[PDB]
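Heads up: the structure comes next, in structure tokens.
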Ligand code: ICS
Ligand code: CLF
Ligand code: CLF
Ligand SMILES: [Fe+3]
């Protein structure tokens, strides 16, 4: 629809809010203009959620434990506090890994101190020390322990840094304290930042004096790919077929040794800028490692990123890049020839957390599909600066959208497909709009690379053209 | 109860029958007297069923195809006629075997000519020849074909003997025609006899001129054990531990070569006299092989049979028999010590086909249990001659019992347990009496030997003392 | 050997070393078994395209059929009526087999009598058998009605059921007013569902043919429901519940749900529930008659349209979403009763389940078999779910039914890889699942062996079986399930999606090998 | 690499040779992985008695808990009321997690709001958050009621819910007559079921504490039903159906079955059904109040007995046969309504199913876990079925509940090998199933990993999981099942016996090895 129609729709959606909430939410909605380079004059992000408005955002514990630290497989992560936060995040995110779950990998397990009233009143530092002792006794093959603080830890005056230092010195083990209490920040973004700082301060600087790792000129690290359904592996296979050596993966299927070996690489390949830009900038400052953002969503973005990455190395890498592109051209061309006719001209509305609302636009456009509305839960204004050019003109932009706002926008816009999280999935399925989970890939995937593009196109076709969407109205009504 | 009370109950039960049916059924009910050696003066058996009275008996096709011929694993058995008889008997009897079911063993498969109207009107001999050709083409590893006639084959003037002879000569394969039409005889007993005659006339005399099989002095065959749940294997392990060589098994887990090798053994061990006495007598007459009946139900009968069998051989076999008995004494003694207290004094009523109503009495008595009523579907008067001594005084005897008769007898007698077939199982479970299937062992077993005795005692305890039998009356009634 | 505290049944008792050695001695000494290499080679050959061609060139041999004979369906239909004894004229072995089959499927008592015709009746006929059987059955089991079908022996001999029953009544063996409907049910024609059709038509004509003068269509404000051959009690219950929810007066003719679900309370009830003779007599007074399974109720439909003058609607089996909708709309149109909000809500909940599960159901390939109406309803529902029914087998199907199913498949893009087979048995289906492997099989318990065969080729070739249909012998209480209506569609959807998820969990349970996809959330 | 016609998702795409080689390079080059021999040795050690002793000496570490926190149960209870918004005072991350948990279990939308307390409220309290949240939620989602629970942050800080709500009403953020019941639900006390209890008691006191003068016990001729924390919709439906069958007037307080089963018809309903405020207000007028799950409704019981003056009967959860009988007899005694013939027939059919399946169910050994009332009902039913619940785990159970379960076990010979564990998590249960292996596990989806672990030791040590309880994430639409009443007992019996038979079929599917026991009929 026209730009003026979008502004009118925004105004009539905001009419029902109280004056303060409406005034706040008016700053978080925008009509896109790709010619604008600064989003601070177009949209406001990374702010408080209005109380009692059904925000989708999570907490800092979700951004630290659930996003950055949890995927690291050889480490044991203690949800420090009451049982709830660890129980609700157990195996809820599909950060795939290879290992033996009771023995040397612990991603899908729930370790928690299970705080009670006595621990709230008298503190849980002694309980934390005893817990670390028991973790050492019962899981001897763990290569490190992280302590992710839940809300009460930051409020009862618990000193987990001192316990971590004492027990780590005593057991000669890495113990990383993370003050990732849920009330800190406004969303999972501050959790990302706190987890990046913890990585920098407790893990990253472990082998600075160590020079026993042989470094090749083609050493790269993958930063900010969490292997959702195997996305990191699908990116790594393409990167290694290009002649590159992927030393580290952050943090999907990641190990603590890979994090400790990252300062030795030649290039950092940052997939999720939002969650790992802090550590990327720290590594560039301290070790002089350049970092670059890349997109492996869809064949066009994949090819562009592969060429951009190969342009950072010698001519042999460029030749191998061209060979990989030529090798994979028939596969994605066949995927397009099969699925683009079934998807051409269909409109999409997206609302994912901090990277994907702009990263997956090219994969949609490669199947003839247009994105008419996008938004973020916890993105910053640099994310919207990157998003505005990737969006078309007069497309809706929403930051920290509320349930009512998103439902009203979908009702007016009427997209052919919605890509969002599990808390919107069944809401929009009941309204008759095909829905794709853009966090967990609807328990499918990967979506990165050419294999991921094949899977993604098949999934979009299987959901958008599903017969069940033509049976919502009873024939007698 | 008293003998007079049992006769009174028989007379009251017979009152509802019409005059002819009552006069007939009065001859098929008796009160046991163990001092009587001739049952023809006490009971009448092997007669017509009264029409429309819900008899439990089957047909001659059931006694031939389902009982004698079907267990032979390396042969393909064609149910010749309409699809029904073969479909209802497919894998319904648990005659266990070892083999590859599509390839070299065919016990649980259903081969049928699937007669239609054209085959009824114009005959099915050409169809039978073409079927045999297709069987040869698609199952090349079969070692023989039997053709079990269903009812219409005996009524449309089909000549399956000529087809069998012609195709067997042409393909150099054993093709056994069995005129086992259901209307022949009165029950499965005539099916047994017809199948025994077919074995004698088409299979048994195959290696009379062959003398390439080395015969030891301890060669025995097992005749009339159909490996129900592994009963034949449990008997064979004890027989071979005694020093004997079991050349053949008839016909559970049996092969055609074992049948052809039976005329070379030194002793025939007949378990089911009813179904295999014909072939045993023929082998004794033609080859001079003695045959003896044995019982492997319960430890007392097992020990008696083992000693009786070992008494037919030299002293080394007797020593091995005593060793086997001493080796297995602790096992069955422990089984008794565990289960007899839970079963002592409990009364049983049995109605099985032709051997088990008298053969399993010792196994019951070995657990402190008494049998107050027994009967047969299709036994002859020799079976009742053997049964009268195994039964106590003033116990009920019924031949070809009707449904109404059996419910009335159970209602008056009120046994603790009933052992019968699947057509009485749920009838008596609804009446609140624990029921054990005495044909298929309730998909359990084996019950032969000492291992079988352990299984049998456990099953009787698990059903007789089940909590579900004390919950049939609602607490508000 | 047995431990008294850990007694082992046949499995795994015979896996013990002594039993294995004894079995190996038996095999090596006397069985003259083929070499294992030869057996493996022949099996591998049986899984091939060449074997499939030879298998599908069969004309005279049937291996593992997927059908039964007419008197079984006649017995079921007769059991559907009140205090009615099924009575099969012919040989007692057939009655024993029918009773055992139904006892194993329903796990409940099944009452049926035979007049025990033997070789003495092979040339003389079974007239005396009929007389004595009718008299004895009435005296002993005291039924209100005796419904007579035939075994193949009586059909081949040529016994006249009408004349035999009339002579039984004329000579006082049974009262002249006692209802004895009859039907010729030749096992060499059709299948068990044909027998159900024949028995129902016989009973309906017995009760209505000579009393049509005072019959007015629509005078009782009811709709007749003829369910056909049905072995799911939930189907009877769901039809009755949906009709009662609409406030629609109905007569369910041949309702055996009560007698097949008798409670265990210390008493055995040979009879329970069933269609009353008053209902059968008043059936021509209904507004219309709806046949739940039209493809095996053709004789009944001819009688109802020609004698009762009921304009029987062209309705598919109320299976899946669209066909249940059509059935409900037709019932509403006939009875004048609107579809209530409860049924609309149930339909919406089924649609919600389909939207919830479409991701795991999409593109899945199924081989399926069963009776014609059930098979085509299942195919329609699978097409509605986005699934692919690649191998559709109906041993008792016909050419017109195949054409109808082909028309259904051609209307959906998910039926483009589907082939319909009529007159083919389960050995044909085994070849098909070896050659064009589906993801799953749907059918009765006889399919389990096919699964075993597939597993013998390898875990990667195993086709798991989903037990929907008749008969199911290796699972308990599945006959209480539902396949009709929205409720049956929900049950089928749950079974299919959870079979898919259970298979995926089994495939991804290997630690450090496949467990990267062993997702907690699916 | 991908074939366009056979696209492969992560499984088995990553089983391809190039992916395997890339993963092996990653492992050997940079992961510094422990040697496979060391990993195997440590796993084998974790399956041992010594590891079990070390595991059960745990005091400060919890691994894989089998419980959640109070505000989850508070949110469920609030969802049980009509047009009621659950409102959690505290941090928004908790609300996101609660919504995701319930969305994954029910596969349905779940509405809940947070006032988004942040670090600015860490020292200042969340009064302004409460005011703005109440105003915004009422303006935006237009609920009839807002039910307030707390996150652990608000509990630790010490926010006064009553004072905050009163100040919100006093300054016009929400109308003074708008119902805002509240409950303190600290995540460090009890578990989610404790939160359900707290929320229900808060709502009941909000609606009845100040209006008891005109209340007469038994003036509306109804029985109050408090279900407790319940995640099976079939349980609500079966309680309502059984009470309607008896003709018993009832009020189901906190009924969320409607809002958790909204139809998909092109419209999203945030609210559907639920207990009305009139029902809550008239609740003291009932004859009595029956608590379906007494072991986590102690605060509600104290309020109902102390304020409503209801002589709350001592009733177990209506699970299994005997306890359903006791529930029905108590309902009959309270309401004066006799138990109808339909319920007696249903009981007889359940008893028939038990007699049909007792052979396959006898002596089977189960390790089970879940909430206290559900666990003890399951244990009682297993004892009724002749099964052996060897490992009974309840993470949120207490000593009195353990004593009650021990008394139940001691009353039956099938509970002699049973041990009850309270305060133990699923790592303890993994040790227990490795050391004293049961035949099966019964519990929520978190048990699947235990099964994987057992399968890693060997197929002969694998303990299959039966998914009964909360939450179930890896199977679809299991939340529609029933566990209460005779219907729930039938469903549980069917699931148990068919799991046993499916396991037996899998164990005997090996051709020429174990297929001698691959019986068609079981
Ligand atoms: S063969 Fe006979 S009816 Fe002897 S037809 Fe029948 S497997 Fe019975 S009492 Mo079923 S004469 Fe065998 C018998 Fe006995 S099928 Fe089995 S149990 S010992
Ligand atoms: S007594 Fe025996 S089982 Fe009966 S027919 Fe005769 S051989 Fe066979 Fe067969 S197809 Fe059906 S079941 Fe019969 S009516 Fe004919
Ligand atoms: S915002 Fe985040 S998820 Fe919330 S508590 Fe805080 S760290 Fe945790 Fe935890 S136990 Fe339950 S879920 Fe909370 S109320 Fe506390
Ligand atoms: Fe849904």
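The residues of chain B that appear here are 4-480 by Swiss-Prot count, in order.
A Cβ is built for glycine as well, from the same backbone N, Cα and C atoms used for every other residue.
[8Fe-7S] cluster is bound by B:88, B:154 in Swiss-Prot, and the record lists one more residue there from B:45, B:62, which is B:62. The binding-site residues near ligand 2, defined by a Cβ under 6 Å from one of its atoms, are B:88, chosen from B:88, B:275, B:442.
According to its DSSP assignment, residue B:154 ([8Fe-7S] cluster binding site) is helical. Taking Cβ-Cβ distances under 8 Å and a sequence gap of 6 or more within the same chain, the neighbours of residue B:275 ([7Fe-Mo-9S-C-homocitryl] cluster binding site) are B:226, B:227, B:228, B:229, B:357, B:358. Other Cβ atoms within 10 Å of the Cβ of residue B:88 ([8Fe-7S] cluster binding site) number 33 in total over all chains. The two recorded residues, residue B:154 ([8Fe-7S] cluster binding site) and residue B:442 ([7Fe-Mo-9S-C-homocitryl] cluster binding site), show a Cα separation of 25 Å. If you measure from the Cα atom of residue B:62 ([8Fe-7S] cluster binding site) to that of residue B:442 ([7Fe-Mo-9S-C-homocitryl] cluster binding site), you get 16 Å. In sequence order, the binding-site residues near chain C (CB to CB under 8 A) are B:62, B:88, B:154, out of B:62, B:88, B:154, B:275, B:442.
In this view, residue B:442 ([7Fe-Mo-9S-C-homocitryl] cluster binding site) is surrounded by 18 other Cβ atoms within 10 Å of its Cβ, with every protein chain counted. For ligand 1, the neighbouring binding-site residues among B:62, B:88, B:154, B:275, B:442 are B:275, B:442, by Cβ distance under 6 Å. Note: the Cα of residue B:88 ([8Fe-7S] cluster binding site) and the Cα of residue B:442 ([7Fe-Mo-9S-C-homocitryl] cluster binding site) are spaced 19 Å from each other. In the three-state DSSP reading, residue B:88 ([8Fe-7S] cluster binding site) counts as helix.
Neighbour density for residue B:154 ([8Fe-7S] cluster binding site): within 10 A of its CB lie 33 other CB atoms from the protein chains shown.
Cβ contacts within 10 Å of residue B:62 ([8Fe-7S] cluster binding site), excluding its own Cβ and spanning all protein chains shown: 34.
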